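Here we start with a single chain on its own, the form deposited in one PDB entry, put down as structure tokens.
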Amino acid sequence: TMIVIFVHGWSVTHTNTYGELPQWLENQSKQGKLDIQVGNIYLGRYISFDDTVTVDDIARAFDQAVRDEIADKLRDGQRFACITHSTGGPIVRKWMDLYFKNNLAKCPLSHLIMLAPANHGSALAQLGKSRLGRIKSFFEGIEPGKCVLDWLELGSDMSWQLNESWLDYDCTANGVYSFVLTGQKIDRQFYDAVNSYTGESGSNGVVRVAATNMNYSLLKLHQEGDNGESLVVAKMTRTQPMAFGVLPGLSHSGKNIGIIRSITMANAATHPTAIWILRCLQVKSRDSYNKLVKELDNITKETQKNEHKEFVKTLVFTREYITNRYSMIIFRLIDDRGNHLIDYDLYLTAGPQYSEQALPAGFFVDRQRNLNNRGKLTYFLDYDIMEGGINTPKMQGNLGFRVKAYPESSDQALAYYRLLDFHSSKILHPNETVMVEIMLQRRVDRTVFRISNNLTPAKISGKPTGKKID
């Protein structure tokens, strides 16, 4: 009654990317642990190395591939589970959005198990097609498709569109049980030295675990107050809870410790991914699901506690690597007129007074700005260093945002924005991404247009009246 479909990631050119997990599940079903008839396990192959192919298209082609091989079985009423890796995750989420956003109860997918999904993007996607194809994790010279890489770029418009659309989902309430499994171990033998993201703390060498999590909040900040005063009003929303687990000592790819690539028949019984793939596949109820959620999070705590400090030693060097728990902000800033702000300055603030110079030492990990939509900003931060120094008596747990959009207020300004200030701290969570959309009031001065019945001609002064228009 159960069908299983594997979906790989980008820059994949061989179906052994799935390791030996497919054979395992078929072999496990033969022993009564799964109800998968012979021939109901499918290996998915899709073309991710084409510059002309967008993400939507592959989601359209996935639909065509599903109806093609198993329309008869879906008519009988079987439903399938999705075990994806890397881009496969976002692809299937798009396919669901393209075909079942508002009738998920009638979607033929029964389970969706995502392995290290770049649900909120990969920092390396901005590196390009050629500079990143050189990294042996892809290899060829110029590997993955440009349009796939536009999607995965941090602060991507399409990424925001699909994830804000997914804010409304309720998979559990509709009989769809989704999960996310990821690791935070760097396969240090493949660290590209002149591309630090490959050994970034908080990642498996490719995707940051905070980008894997499907538990995230959208925070909308609207500027108000006429010419003073009131200013910012906040409204926050959150996805439905999803089973989230950071498993121990598993990187993104590679036979050695690849989250899926490292699965063999011999080690499947003790492979964290193999073990938990199955337990998720076994879910058939709401209580079973929620018991798996509270089990997975417990593991997440354990692995991130056990992988906090690492001492690797060669005959040449001695090194300690610190891996904490992290967070991610995707900032979008628009205005009340439809323009997308691209020129601005954004500050995190803290202290009794919400000063931009007060955040604890070491709060920052990385700042990236999207190439196509420049006005999108993705910050990568150390939640543990922050929360540690944030939550004290004389800092009071404060954290805020200050956007200085441009052009700024001046004695000659005619269309400009004002300083926006927000004071809070719950915005950030460990191993979580946050989407902050900040809407500013575009302020046009009355001088931009004036009328006077003084019919004696005169020069048109660019003299601002210092008074805004309604």
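Quick note: we count residues from 1 along the sequence shown, nothing fancier. Take the two forms, find the largest set of C-alpha atoms that superpose within 1.5 Å, and that set is the rigid core.
Asks: Answer with none, 1 to 3, 4 to 9, or 10 or more: how many deposited residues between residue 425 and residue 426 are not present in the coordinates.
Replies: The entry has 4 to 9 unmodelled residues between residue 425 and residue 426.
Asks: Would you tell me which stretch averages the higher CA B-factor in the PDB entry, 221-229 or 182-190?
Replies: Between 182-190 and 221-229, it is 221-229 that shows the higher mean C-alpha B-factor.
Asks: If you take the mean CA temperature factor per stretch, which one wins between 398-406 and 434-442?
Replies: Result of the comparison: 434-442.
Asks: Which listed residue, 293, 154, 322, 142, has the largest C-alpha temperature factor in the record?
Replies: Largest recorded C-alpha B-factor: 142.
Asks: Using the B-factors in the PDB entry, rank residue 138's C-alpha atom against the chain and give the third, lowest, middle or highest.
Replies: Tercile = highest for this residue's CA B-factor.
Asks: C-alpha B factor of residue 76, ranked within the chain: lowest, middle or highest third?
Replies: CA B-factor rank for residue 76: highest third.
Asks: Going by the entry, which third of its chain does the Cα temperature factor of residue 93 land in?
Replies: Lowest third - that is where residue 93 ends up once the chain's C-alpha B-factors are sorted.
Asks: Based on the deposited C-alpha B factors for this chain, I'd like to know if residue 123 is in the lowest, middle or highest third.
Replies: CA B-factor rank for residue 123: middle third.
Asks: Residue 246: which third of its chain by C-alpha temperature factor?
Replies: For residue 246, the deposited C-alpha B-factor lands in the middle third.
Although it is not shown, the form deposited in another entry is what the next lines describe.
Asks: Only one of 338, 228, 77, 352 shifts by 2 Å or more at CA between this form and the one not shown when the core is aligned; which is it?
Replies: Of all the options, the C-alpha that shifts by at least 2 Å belongs to 228.
Asks: With the core lined up, does the C-alpha of residue 53 move 2 Å or more between this form and the one not shown?
Replies: After core superposition, the C-alpha of residue 53 moves less than 2 Å between this form and the one not shown.
Asks: Can we say the CA of residue 412 moves by at least 2 Å between this form and the one not shown when the core is superposed?
Replies: Yes, its C-alpha moves 2 Å or more.
Asks: Closer or farther: how do the Cα atoms of residue 450 and residue 410 compare in that other deposited form relative to this form, given a change of at least 3 Å?
Replies: Note: Cα gap between residue 450 and residue 410 shrinks in that other deposited form.
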